[PDB]
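Each chain, letter by letter, is given below.
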Amino acid sequence: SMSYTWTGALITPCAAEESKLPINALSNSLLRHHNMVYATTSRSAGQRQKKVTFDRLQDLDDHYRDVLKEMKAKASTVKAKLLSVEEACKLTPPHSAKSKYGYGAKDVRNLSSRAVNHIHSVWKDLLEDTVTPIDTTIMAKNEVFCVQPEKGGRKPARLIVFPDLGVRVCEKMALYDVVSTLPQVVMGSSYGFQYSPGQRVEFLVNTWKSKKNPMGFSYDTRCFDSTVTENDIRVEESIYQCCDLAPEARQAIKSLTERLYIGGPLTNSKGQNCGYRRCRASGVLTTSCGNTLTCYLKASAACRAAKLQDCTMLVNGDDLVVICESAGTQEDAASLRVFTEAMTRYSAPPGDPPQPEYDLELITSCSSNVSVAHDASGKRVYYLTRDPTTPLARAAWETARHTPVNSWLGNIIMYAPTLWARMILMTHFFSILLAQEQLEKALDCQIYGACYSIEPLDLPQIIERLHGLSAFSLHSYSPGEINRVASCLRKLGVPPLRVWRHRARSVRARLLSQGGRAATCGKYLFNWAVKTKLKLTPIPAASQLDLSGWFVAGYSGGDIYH
Ligand SMILES: CCc1cc(CC[C@]2(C3CCCC3)CC(O)=C(Cc3nc4nc(C)cc(C)n4n3)C(=O)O2)cc(CC)n1
């Protein structure tokens, strides 16, 4: 069936959309080639519509059925519970889209009577009606990128499809516990969202080392959400139903599947019918879990079809990497074509075709790779990094323009051991926070799709707890990593190391001069910049720090605030 059908009504904005990075003295000090940075807007929604609209063909074989049986068996060991209306209300982000029924996210978090009474009504109706399609809104994502002259053209806006606020609270009630618990039980060590960046590195390295002649590849499904069929969504539901659930949870999950997850009508911001969806909704609670399970199922079965030798998967939504034993270069290339043939058969045809990699460092998964540096003792050590272009482009935008969720703070947290986050992101943003006297202001950021309020001054103990003390003393980064960063700096017109070190020394001295938590930021975050390194010792606040709840599950599109 077609992933979408369209009426002709436009995907509309409801406010101004800015497409060009503004000229701003603060962002210019970070990167001067502002014309390389752009944001997606509703003006390219039609381009995206064309790309995501296609007919899906799917055939299922024994390998698929076998894997599915195994998955269901593990799922049958899971017990999940309903959230109360209050517990669900409290998971709603403060800036979550307001209801069309006369209330907003503040009213939900405040447990206002209008909000809470409406949520109750929505739930009752889910129980009473398991057929009528639930309305969704479709909007164009506004996201920031750098131009890629080599790829030929710019990225069009992604589309987000989401039901009303009251429905979203109901999804939490029925499914938050399931989507939080089930993926790891079903997929075990292959479920990527259980890992911090350090733990993902450890898994990838240990997995690579476990093969005699390792080969790895990432598999890029073309528009994954669009490839998800009604069968797939019903298969997902059948896995959820393997859990030990309360009778009302079972009914709510069935109703949500029939009326929301399988498909339904699409309404623009102006209330006009834009069309109909028969694929994954990008903005529901089950998007991440659903995609992860389905990607895992198809890939696992495809591994068996291609006769890949000792294949280990790492899956995060639609993002997939496979590490296995090489059978030789020609044999590996052929195997990857069979794997791709099988994925296609299962309705996950490829974007870029997979290519075998024999150096773990060159495998990009979840837009990131393993790299090497040295700690203070000189020990060669592994850490997670990525190409810094998108992080820097977004940091420039977020410097010039106030944004709901910043990405720069999440990037500092996740990529704290990297040379680019330390050299550029920490230096830039602490300089800004100093100037504005906003070091003390908590900021919203995202980790694995979930929103968190984080205090910049707590960054030293967060980083220690997450990455270890070595994060403040890594050095001797790989030539490839250094070169990748230097290329990006030239491309974006970012200042060189000499300038960031001078900036960092000044930021550091100011921080130290202020005392308290500010001084601890100066000492630990910027120790790299000074000639005479201080001895960094364990931060007491770090040993009372529980960050495990940050790396439980993915929630991208799922409207979660922790
Ligand atoms: C693309 C810009 C660039 C960056 C770098 C990395 C420089 C830098 C990073 C910048 C941020 C965090 C650290 C700074 C920096 O000063 C060093 C040098 C260093 N720091 C140490 N610390 C200890 C304990 C022990 C040793 C031997 N070193 N050696 C580094 O390796 O990395 C190197 C180069 C090539 C010179 N170019």
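What counts as what
- Residues numbered from 1 in each chain as written, not as in the entry; some residues may be left out.
- Heavy atoms only, no water.
- Residues with missing side-chain atoms left out of burial classes, pairs and counts.
- Helix = DSSP H or I, 4+ residues; strand = E, 2+ residues; numbered from the N terminus.
- Rg over C-alpha atoms; globule rule 2.2 N^0.38 Å.
- Contact = heavy atoms within 4.5 Å.
- Buried < 20%, exposed > 50% of the residue type's maximum accessible area, 1.4 Å probe, protein only.
- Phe/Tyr/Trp six-rings, centres within 6.5 Å; stacked < 30°, edge-to-face > 60°.
- Core = buried A, V, L, I, M, F, W, Y, C linked by side-chain atoms within 4.5 Å.
- Salt bridge = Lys/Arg side-chain N within 4 Å of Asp/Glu carboxyl O.
- Axes fitted to C-alpha atoms, helices over the stretch in contact; angles between N-to-C directions.
- Parallel < 35°, antiparallel > 145°, perpendicular 65-115°, else oblique.
- Left-handed = near helix turned anticlockwise from the far one by under 90°.
- Nonpolar A, V, L, I, M, F, W, Y, C, P; charged D, E, K, R; others polar.
- Near = heavy atom within 4 Å.
- Polar contact = N/O pair within 3.5 Å; in protein donor to acceptor, adjacent residues only side chain to side chain.
- Disulfide = S-S within 2.5 Å.

Structure determination for this PDB entry was carried out by X-ray crystallography, with a resolution of 1.86 Å recorded in the header.

The chain appears in the PDB entry as RNA-directed RNA polymerase from Hepatitis C virus.

This brings us to the overall build of the chain. The number of helices and strands found in the chain is 20 helices and 14 strands. The C-alpha radius of gyration computed for the chain amounts to 24 Å, which stays within 12% of the reference 24 Å derived for 562 residues, consistent with globular compactness. Considering only C-alpha atoms, the chain reaches an extent of 70 × 65 × 45 Å along its principal axes. For the chain, long-range pairs separated by at least 24 residues make up 77% of all intrachain contacts whose partners lie at least 6 apart in sequence.

What follows concerns unusual backbone geometry. Here the phi dihedral of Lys307 falls at roughly 60 degrees; this positive angle occurs in a residue that is not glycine. Secondary-structure assignment places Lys307 in the loop between helix 12 (287-305) and strand 9 (309-316). Assessed through its relative accessible area of 71%, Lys307 is described here as exposed. Of note, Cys366 is a non-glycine position whose phi angle comes to about 50 degrees, a positive value.

So, about the packing of aromatic side chains. In total, this model carries 17 aromatic pairs according to the counting rule given. Considering the side-chain rings of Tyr64 and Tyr346, the 5.8 Å spacing of their centres and the 50 degrees angle between planes classify their relative orientation as tilted. You can see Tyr64 sitting in helix 3 (residues 62-75) and its partner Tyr346 sitting in the loop between helix 13 (329-345) and strand 11 (369-374), a full 282 residues away along the chain. By the burial criterion, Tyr64 is buried, and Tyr346 matches it.

One broad trend across soluble globular proteins is that nonpolar side chains are buried collectively. Ranked by internal contacts, the top residues of the largest apolar core, which has 180 residues, are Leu175, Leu320 and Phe339. Apart from the residues within four sequence positions on either side, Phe339 is in contact with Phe217, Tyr219, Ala299, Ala302, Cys303, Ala306, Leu308 and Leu320.

Glancing now at the pattern of salt bridges. Evaluated as defined, the whole model comprises 18 salt bridges. Note that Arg168 is salt-bridged to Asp559, the shortest N-O span being 2.8 Å. You can see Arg168 sitting in helix 7 (residues 165-187) and its partner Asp559 sitting in the segment after helix 20 (516-525), a full 391 residues away along the chain. On the basis of relative accessibility, which here comes to 6%, the residue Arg168 falls in the buried class. Accessibility expressed as a relative area gives 15% for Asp559, which makes it buried. Taken together, the shared-partner salt bridges in this structure form one network comprising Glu440, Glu455, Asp458 and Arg517.

Residue position: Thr267 is located in strand 7 (residues 264-267). Since its relative accessible area comes to 13%, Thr267 is described here as buried. In contact with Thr267, not counting residues within four places along its chain, are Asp135, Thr136, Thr137, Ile138, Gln272 and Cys274.

Turning our eyes to something else, we now look at the packing of helix 16 (residues 419-436) against helix 19 (residues 497-514). Packed helices, taken two at a time, are described by the angle their axes make and the gap between the axes. Between helix 16 and helix 19, whose axes approach to 9 Å, the crossing angle comes to 45 degrees. Comparing their axes, helix 19 and helix 16 come out oblique. Handedness of the crossing formed by helix 16 with helix 19: left-handed. Along the contact surface, helix 16 presents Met423, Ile424, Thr427, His428, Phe430, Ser431 and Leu434, while helix 19 presents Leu497, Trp500, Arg503, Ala504, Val507, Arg510, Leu511 and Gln514. Class assignment of the residues belonging to the contact of helix 16 with helix 19 gives a composition of nine nonpolar, four polar and two charged.

Below, the discussion takes up the environment of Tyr448. Take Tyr448: it is sitting in the loop between strand 13 (443-447) and strand 14 (450-454). According to the relative accessible area criterion, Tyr448 is buried, its value standing at 18%. It is 19 Å that separates the C-alpha atoms of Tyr448 and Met313, two residues lying 135 residues apart in sequence. Sequence-distant contacts of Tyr448, that is, excluding residues within four places in its chain, are made with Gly192, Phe193, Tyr195, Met414, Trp550, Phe551, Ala553, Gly554, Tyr555 and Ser556.

This part takes up the site of the ligand. Around the ligand, the neighbouring residues are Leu419, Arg422, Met423, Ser473, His475, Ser476, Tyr477, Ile482, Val485, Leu497, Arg501 and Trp528. One nitrogen or oxygen atom from the main chain of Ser476 is found 3.0 Å from an oxygen atom belonging to the ligand. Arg501 places a polar side-chain atom, nitrogen or oxygen, 3.1 Å from an oxygen atom of the ligand. Elements with a minimum of two residues in the shell around the ligand: helix 16, helix 18 (479-492) and helix 19. Looking at the shell around the ligand element by element, the count peaks at three residues for helix 16. Among the residues making up the shell around the ligand, the classes are represented as seven nonpolar, three polar and two charged.

Counted according to the given criterion, the structure contains one disulfide. A sulfur-sulfur separation of 2.1 Å characterises the disulfide bridge that pairs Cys303 with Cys311. When the S-S torsion is -110 degrees, as for the bridge of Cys303 with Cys311, the disulfide is left-handed. Note on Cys311: relative accessible area 27%, which makes it partly exposed.

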